[PDB]
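One structure below.
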Amino acid sequence: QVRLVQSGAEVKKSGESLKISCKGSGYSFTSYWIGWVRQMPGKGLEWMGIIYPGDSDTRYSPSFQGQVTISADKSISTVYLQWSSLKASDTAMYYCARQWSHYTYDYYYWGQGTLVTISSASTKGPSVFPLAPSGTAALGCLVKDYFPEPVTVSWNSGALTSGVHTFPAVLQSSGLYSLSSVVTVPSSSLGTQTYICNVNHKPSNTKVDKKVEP
Amino acid sequence: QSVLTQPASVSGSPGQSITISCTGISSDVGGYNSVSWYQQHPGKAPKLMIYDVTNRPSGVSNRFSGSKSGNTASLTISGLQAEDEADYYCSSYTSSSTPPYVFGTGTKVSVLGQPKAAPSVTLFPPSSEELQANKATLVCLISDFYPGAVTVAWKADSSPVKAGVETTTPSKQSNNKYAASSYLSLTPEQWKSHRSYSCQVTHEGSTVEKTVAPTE
Amino acid sequence: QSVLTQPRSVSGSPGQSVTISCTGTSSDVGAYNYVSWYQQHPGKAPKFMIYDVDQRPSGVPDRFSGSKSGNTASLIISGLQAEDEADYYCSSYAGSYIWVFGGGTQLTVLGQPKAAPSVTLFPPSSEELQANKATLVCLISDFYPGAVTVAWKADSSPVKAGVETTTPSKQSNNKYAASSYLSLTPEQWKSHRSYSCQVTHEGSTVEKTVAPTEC
Amino acid sequence: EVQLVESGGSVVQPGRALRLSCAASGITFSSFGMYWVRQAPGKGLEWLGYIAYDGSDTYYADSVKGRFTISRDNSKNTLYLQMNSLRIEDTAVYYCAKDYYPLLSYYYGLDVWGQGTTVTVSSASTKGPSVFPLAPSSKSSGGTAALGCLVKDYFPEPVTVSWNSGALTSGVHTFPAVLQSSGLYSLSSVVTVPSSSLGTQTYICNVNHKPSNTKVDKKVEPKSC
Amino acid sequence: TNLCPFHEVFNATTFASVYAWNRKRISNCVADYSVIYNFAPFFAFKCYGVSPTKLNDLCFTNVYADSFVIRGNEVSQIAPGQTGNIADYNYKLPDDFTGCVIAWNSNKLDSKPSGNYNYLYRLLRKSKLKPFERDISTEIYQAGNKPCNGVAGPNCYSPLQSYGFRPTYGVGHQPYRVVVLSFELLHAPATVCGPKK
Ligand SMILES: *[C@@H]1O[C@H](CO)[C@@H](O)[C@H](O)[C@H]1NC(C)=O
Ligand SMILES: [Cl-]
Ligand code: NI
């Protein structure tokens, strides 16, 4: 049974080095190219390069040439992907893959993938900003640069729940989170009713109430 | 290094046939070549569905077929069903090319379980408090669309903006339509240097746009 | 891999053909056609002469060719020339990216008439004996071809212990010379009536004799 | 014409290490696999090993594997041999040589060689020779007489011998050295002279052994017996 | 009966040089291997991962017939786990090869009195050939400063040489036609079966 087993998930800081691996079994390991493929979160497959473990002949994609080192240790049937200095843009799933046979070049065999997460992970409280309105009106709050999730958002101490939509946060390239919450209110009570969002973020122990007005 | 271009998304109802194109393929008649199609479900490794242009591995449903015409390959999925909802990647191999392998840009297939619904778009300006802090974030909120696949493009005076854009994956709302959000981070001077900014959302071949202006 | 077996020497006249064999095992010369030959003149680096059994690298005279049969390869030199006088080394691939050389063959091109050696046998000097050492010095000169064997006799009994002999060396006149030494204690020297150095050259033996009491 | 120059040969004690270099002229070095080959005095060629043009592979004869290391620096057009755990039997001239063909080739041969560098592995101590006269025969008259000098027990090579300060050259043959079981070298020089010159012309051999900083001038006198 | 066209390979009027070896894909057909005798006089064969006596019973996904000429004493290099000038630079079988190598003496067809210089082989390469890799470059390798301009010469190395087959050579130096049959077995429907199955 041709199997490709990759090393476990990696959580790294920016500027650190990393070496991940992919061990082959159940076939002649030195008779076949092995390829590496990157997939950034929510993006497509990118072919990075191949190595022939028999003689460590390597072919890098033009986009990865000089950006990563592919190597092989045939004595333990393993190939590797290595970075000298990780950048946040290296956050991705990484797969090794092998062609089906000597005559069928398509990638039939895949490793289970290694998740590489590059983060400036430090607990940090969010910055809150109001989003003022222009028969119906729309206003809300912006929750910026916090870690980790979650942030709980209320409105008028939880007395205004009909019409609120708190969006799932975006995971920025910095590792921080940022989300927005909006409420749809009747245009007649624009100047008659005061609207304040209540943002709570337990790990940083920060609570903010921000008023919204045109 | 030539791109294989696929549509960002295609959708169909259960039982229909859908087709995904893959344009830009080259080969070397003097070398080895292949065209492949891969299916990828969330959290899983890609799976080879079509190999050598038209062939299926054992166990791959014959609802999947592939073909090629000129420089364009096509995957067709007949009798579409919910389990087919996934990302699909075409790929070309040419032994003599640099790079020898290329993956296509990828296609999200949606299997429609309710009528299509266009997204609501709300574009908020940067906050004055944020402007006083000398940081600026444009907030583009997208809601009530179905199926859950959108493309988000930002324009500054009709000029595309690719730097500084963050976008979320679609998430199911309580009403079972989808929402997503996009943020554009800019310098305060960058905001003032252009007359207007636009958030353009493409969904099922139709575009919805909102626009923000410095004056208020 | 063991060294490949070559004959120690071969000889020929100008215009003749000469052959040199190179015998290996079934896992070198017998397994591969990667058999090469080198020529080496006195005091010089080897020169590449043959590869792939019978191919000549650029510039090598067409007079050099080769053949192989099983575990033995052959160098064949047609139209022998004076410049061909040299040592020749075969070499074979031995598997696993290893090469091995043969032991060498000295090729002589007969270029002058036979000349018998002059032999001079010096007894130990009085100065060396006063130092309580004794060396018998047998100097051999002006012979051609350059090959002799040297045998030492104490009285008339053969002596092999304490003998060192040089390989023949070309003189300025292009004949050859050699030297042989017999190292003795003064007691061994004085215990015999005589000592003899016997030089055999082209089947003929020339002998010189010294005695402790006879000077 | 690429030229190869080996350097670094010297006298070294058993057990110690020595590094040889092989410098190539021009720019072609980086295209060629390179080899080391050695030759003990009076003995045959011995293939020692190889390193590929790009360093991709290195191969070694069993006789030096695990003792010698071959490497190359293409930025310096230079090949190296690191020799550890040296033994008497490593005494040899060491040659570097380039492959007949560039890139991966291997199956053909070695077409350009250096002149070699000499390594002598020995526990012997530097020592100047003892010089003894080889007096001409009293019977010699046979037209001419042979006389010489015995140059005994020196280390290392070389010694030079002249006769009468270089004034006497006709008839002189200086022999190659023997290496004795002591680890010390000996040689002789002989000259043929008219028998009528004996006892009127002085004959002195001048023996110079630079390694030991010794010169010996030995007068060779006719023997009365 | 839709027989696999082995005649196209075995009875080809002319064979490829080993450096530019030919490949014939064999799919969707009945493989009657018995026809090999009618085209290859006095052939010899070795099989790996298959028994020859059961070939008419087996089914494969695809078959490949690669064919070329080498000299007799190089036929042993066309085997898995071999190294040498042909295996390293001209045609390389993988260690895990599943198939058969068929070779037969073609002196009568491929030798000429003055030497057949049409059959060539590669002398050198930047790296060893991968399994079933094919290198048909003829570029002269520039080792020195001076450009070669397609001219061999000083520091300018031609990568290819002719065999020069002549009828006076011993068998080891006579031409042999070689067909390598690759038996590909994927987890996929078979398209090449023997006549018995
Ligand atoms: C092979 O082909 C030649 C010419 O195409 C033909 O003359 C010969 O009969 C063929 N051999 C067979 C059919 O066995
Ligand atoms: Cl006695
Ligand atoms: Ni003389």
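Only heavy atoms go into these numbers, but all of them, side chains included; no hydrogens, no water, no symmetry mates. A, B, ... follow the sequence lines: proteins, then strands. Residue 1 opens every chain. Order of appearance sets the numbers: ligands from 1, and atoms from 1 within every ligand.
For the pair E:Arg71 and E:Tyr121, the cation-pi test (distance below 6.0 Å, angle within 45°) is failed. Geometric assessment of E:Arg25 against the ring of E:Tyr64 yields a negative cation-pi assignment under the 6.0 Å and 45° thresholds. Judged by a 6.0 Å distance limit and a 45° cone about the ring axis, D:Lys152 is not positioned over the six-membered ring of D:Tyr185.
Of all protein heavy atoms, the one lying nearest to atom 14 (O) of ligand 1 is E:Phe39 CE2, 3.2 Å. At the top of the distance list for atom 11 (N) of ligand 1, counting protein heavy atoms only, stands E:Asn11 ND2, 3.0 Å.
Distance check for atom 7 (O) of ligand 1: every protein heavy atom is found at 4.0 Å or beyond. In this structure, atom 4 (C) of ligand 1 has its sub-4.0 angstrom surroundings free of protein heavy atoms.
Each of the following atoms of ligand 1 lies closer than 4.0 Å to a heavy atom of E:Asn38: 14 (O).
Between E:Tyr176 and E:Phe68 the shortest side-chain heavy-atom distance does not fall below 4.5 Å.
Remark: side-chain polar atoms of C:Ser13 are not paired, donor with acceptor, to backbone N or O of C:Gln16 under 3.5 angstrom.
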